[PDB]
Amino acid sequence: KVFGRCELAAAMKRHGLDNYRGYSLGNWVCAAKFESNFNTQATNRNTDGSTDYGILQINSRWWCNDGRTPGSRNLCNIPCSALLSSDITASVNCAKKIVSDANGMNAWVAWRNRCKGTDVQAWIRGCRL
């Protein structure tokens with residue numbers, strides 16, 4: 001499912017991401033935009049053999065099990081396919097654990113490089129929230 005900007009903002013808010021660990025909703029929407037382009041079905045393989053899954057491109061080396069990442073840890077306790085669902089609940093719950101780690105949102109390279117320090121409020125402007 002390819003989300004609409006305001007649609008995704010509302011689902012993210014509902015799920016409790018607005019200001020989770022200090023990050024305003026604009027950040028999460030911006031990160032989804034540049035990580036997956038609002039597509040829940042996005043996958044990207046990395047050089048180390050791991051793969052990123054879903055709307056927030058969660059990595060298989062540490063967070064989920066895809067059965068093909070030697071040494072994976074599966075910290076979110078879920079098969080990576082669960083992150084491709086049109087229902088973003090799994091992605092959100094796992095993202096909540098990732099951002100709680102020492103590095104915060106810097107865990108998402110797209111956020112660090114394209115959202116960090118920008119007017120992220122723009123991502124939710126015009127939305128009925």
# chains A, B, ... in the order shown; residues from 1 in each chain; ligands from 1
call {"tool": "residues_around", "arguments": {"residues": "range 47-58 of chain A", "least_positions_apart": "4", "cutoff": "8 Å", "atoms": "only C-alpha atoms", "output": "list in words"}}
result
residues 31, 32, 35, 36, 37, 38, 39, 40, 41, 42, 43, 63, 64, 68, 69, 80, 81, 83, 84, 85, 88, 91 and 95 of chain A
call {"tool": "write_last_selection", "arguments": {"atoms": "N, CA and C atoms", "output": "tab-separated table (two decimals), in the first residue's frame"}}
result
chain	number	residue	atom	x	y	z
A	31	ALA	N	10.90	10.73	7.40
A	31	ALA	CA	11.70	9.52	7.33
A	31	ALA	C	11.05	8.47	6.41
A	32	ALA	N	9.73	8.28	6.55
A	32	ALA	CA	9.01	7.33	5.71
A	32	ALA	C	9.09	7.75	4.24
A	35	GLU	N	12.75	7.08	3.09
A	35	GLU	CA	13.18	5.69	3.26
A	35	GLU	C	12.45	4.77	2.29
A	36	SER	N	11.14	4.93	2.17
A	36	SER	CA	10.35	4.04	1.32
A	36	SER	C	9.45	4.71	0.33
A	37	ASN	N	9.34	6.03	0.42
A	37	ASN	CA	8.46	6.77	-0.47
A	37	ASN	C	7.00	6.39	-0.21
A	38	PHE	N	6.68	6.16	1.07
A	38	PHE	CA	5.34	5.81	1.57
A	38	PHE	C	4.79	4.47	1.11
A	39	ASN	N	5.68	3.58	0.69
A	39	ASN	CA	5.29	2.26	0.22
A	39	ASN	C	5.60	1.19	1.26
A	40	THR	N	4.55	0.55	1.78
A	40	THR	CA	4.70	-0.50	2.78
A	40	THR	C	5.43	-1.73	2.24
A	41	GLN	N	5.42	-1.88	0.92
A	41	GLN	CA	6.04	-3.05	0.29
A	41	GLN	C	7.48	-2.90	-0.14
A	42	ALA	N	8.11	-1.78	0.19
A	42	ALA	CA	9.50	-1.57	-0.22
A	42	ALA	C	10.53	-2.45	0.47
A	43	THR	N	11.44	-3.01	-0.32
A	43	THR	CA	12.53	-3.83	0.19
A	43	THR	C	13.81	-3.37	-0.52
A	63	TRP	N	16.65	-6.49	13.75
A	63	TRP	CA	15.27	-6.37	14.17
A	63	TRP	C	14.24	-7.38	13.78
A	64	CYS	N	14.44	-8.11	12.70
A	64	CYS	CA	13.42	-9.06	12.28
A	64	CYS	C	14.07	-10.26	11.65
A	68	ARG	N	17.23	-15.40	6.08
A	68	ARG	CA	18.38	-15.38	5.20
A	68	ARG	C	19.46	-14.38	5.60
A	69	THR	N	19.53	-14.04	6.88
A	69	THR	CA	20.54	-13.09	7.34
A	69	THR	C	21.36	-13.71	8.45
A	80	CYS	N	10.28	-10.59	8.98
A	80	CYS	CA	10.38	-9.35	8.25
A	80	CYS	C	9.17	-9.06	7.33
A	81	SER	N	8.53	-10.12	6.82
A	81	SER	CA	7.35	-9.95	5.96
A	81	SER	C	6.21	-9.20	6.67
A	83	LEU	N	6.41	-6.62	8.23
A	83	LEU	CA	6.67	-5.19	8.09
A	83	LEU	C	6.23	-4.63	6.73
A	84	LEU	N	5.73	-5.51	5.86
A	84	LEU	CA	5.29	-5.10	4.51
A	84	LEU	C	3.77	-4.96	4.41
A	85	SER	N	3.11	-5.30	5.50
A	85	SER	CA	1.66	-5.25	5.62
A	85	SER	C	1.09	-3.84	5.40
A	88	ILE	N	0.27	-0.79	9.36
A	88	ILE	CA	1.61	-0.41	9.85
A	88	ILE	C	1.91	-0.66	11.33
A	91	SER	N	5.34	-2.34	12.07
A	91	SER	CA	6.42	-1.42	11.74
A	91	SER	C	6.56	-0.38	12.83
A	95	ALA	N	9.69	0.21	15.27
A	95	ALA	CA	10.36	1.52	15.18
A	95	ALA	C	10.48	2.12	16.57
call {"tool": "residues_around", "arguments": {"residues": "residue 26 in chain A", "least_positions_apart": "6", "cutoff": "10 Å", "atoms": "only C-alpha atoms", "output": "MDAnalysis selection string"}}
result
chainID A and resid 9 17:19 115 118:125
call {"tool": "residues_around", "arguments": {"residues": "residue 10 in chain A", "least_positions_apart": "6", "cutoff": "9 Å", "atoms": "only C-alpha atoms", "output": "CSV table (one decimal) with N, CA, C and O atoms, in the first residue's frame"}}
result
chain,number,residue,atom,x,y,z
A,127,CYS,N,-2.6,18.9,6.9
A,127,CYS,CA,-3.3,17.7,7.3
A,127,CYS,C,-4.2,18.0,8.5
A,127,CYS,O,-3.9,18.7,9.4
A,128,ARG,N,-5.4,17.3,8.5
A,128,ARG,CA,-6.4,17.5,9.5
A,128,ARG,C,-5.9,16.4,10.6
A,128,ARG,O,-6.1,15.2,10.4
A,129,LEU,N,-5.2,16.9,11.6
A,129,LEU,CA,-4.7,16.0,12.7
A,129,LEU,C,-5.3,16.2,14.0
A,129,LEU,O,-5.3,15.3,14.8
call {"tool": "select_by_dssp", "arguments": {"residues": "range 25-78 of chain A", "states": "strand (DSSP E or B)", "output": "number ranges by chain"}}
result
A: 39, 43-45, 51-53, 58-59, 65
call {"tool": "select_by_dssp", "arguments": {"residues": "chain A", "states": "helix (DSSP H, G or I)", "output": "number ranges by chain"}}
result
A: 5-14, 25-36, 80-84, 89-99, 104-107, 109-114, 120-124
call {"tool": "residues_around", "arguments": {"residues": "residue 74 in chain A", "least_positions_apart": "4", "cutoff": "8 Å", "atoms": "only C-alpha atoms", "output": "list in words"}}
result
residues 60, 61, 62, 63, 64, 65 and 78 of chain A
call {"tool": "write_last_selection", "arguments": {"atoms": "N, CA, C and O atoms", "output": "PDB file, in the first residue's frame"}}
result
ATOM      1  N   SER A  60      17.043  -6.382   8.704  1.00  0.00           N
ATOM      2  CA  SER A  60      16.993  -7.776   9.136  1.00  0.00           C
ATOM      3  C   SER A  60      18.182  -8.266   9.980  1.00  0.00           C
ATOM      4  O   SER A  60      18.088  -9.307  10.630  1.00  0.00           O
ATOM      5  N   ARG A  61      19.290  -7.529  10.001  1.00  0.00           N
ATOM      6  CA  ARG A  61      20.442  -7.952  10.803  1.00  0.00           C
ATOM      7  C   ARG A  61      20.160  -7.932  12.309  1.00  0.00           C
ATOM      8  O   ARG A  61      20.589  -8.827  13.037  1.00  0.00           O
ATOM      9  N   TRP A  62      19.332  -6.983  12.741  1.00  0.00           N
ATOM     10  CA  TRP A  62      19.016  -6.806  14.153  1.00  0.00           C
ATOM     11  C   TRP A  62      17.568  -6.902  14.615  1.00  0.00           C
ATOM     12  O   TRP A  62      17.280  -7.367  15.724  1.00  0.00           O
ATOM     13  N   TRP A  63      16.652  -6.488  13.754  1.00  0.00           N
ATOM     14  CA  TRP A  63      15.273  -6.373  14.170  1.00  0.00           C
ATOM     15  C   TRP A  63      14.244  -7.383  13.784  1.00  0.00           C
ATOM     16  O   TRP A  63      13.255  -7.505  14.487  1.00  0.00           O
ATOM     17  N   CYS A  64      14.441  -8.111  12.696  1.00  0.00           N
ATOM     18  CA  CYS A  64      13.419  -9.057  12.283  1.00  0.00           C
ATOM     19  C   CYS A  64      14.067 -10.261  11.653  1.00  0.00           C
ATOM     20  O   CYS A  64      15.254 -10.230  11.326  1.00  0.00           O
ATOM     21  N   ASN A  65      13.289 -11.329  11.510  1.00  0.00           N
ATOM     22  CA  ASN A  65      13.799 -12.548  10.925  1.00  0.00           C
ATOM     23  C   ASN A  65      13.257 -12.759   9.519  1.00  0.00           C
ATOM     24  O   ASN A  65      12.033 -12.768   9.297  1.00  0.00           O
ATOM     25  N   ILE A  78       9.689 -10.704  15.077  1.00  0.00           N
ATOM     26  CA  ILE A  78       8.737 -10.791  13.978  1.00  0.00           C
ATOM     27  C   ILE A  78       9.391 -11.175  12.657  1.00  0.00           C
ATOM     28  O   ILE A  78      10.570 -10.891  12.450  1.00  0.00           O
TER      29      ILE A  78
END
call {"tool": "atom_distance", "arguments": {"atom1": "CA of residue 105 in chain A", "atom2": "CA of residue 23 in chain A"}}
result
8.2 Å
call {"tool": "closest_residue", "arguments": {"among": "A:94, A:11, A:107, A:82", "to": "residue 29 in chain A", "atoms": "only C-alpha atoms"}}
result
A:11
call {"tool": "atom_distance", "arguments": {"atom1": "CA of residue 103 in chain A", "atom2": "CA of residue 1 in chain A"}}
result
29.0 Å
call {"tool": "atom_distance", "arguments": {"atom1": "CA of residue 30 in chain A", "atom2": "CA of residue 73 in chain A"}}
result
27.2 Å
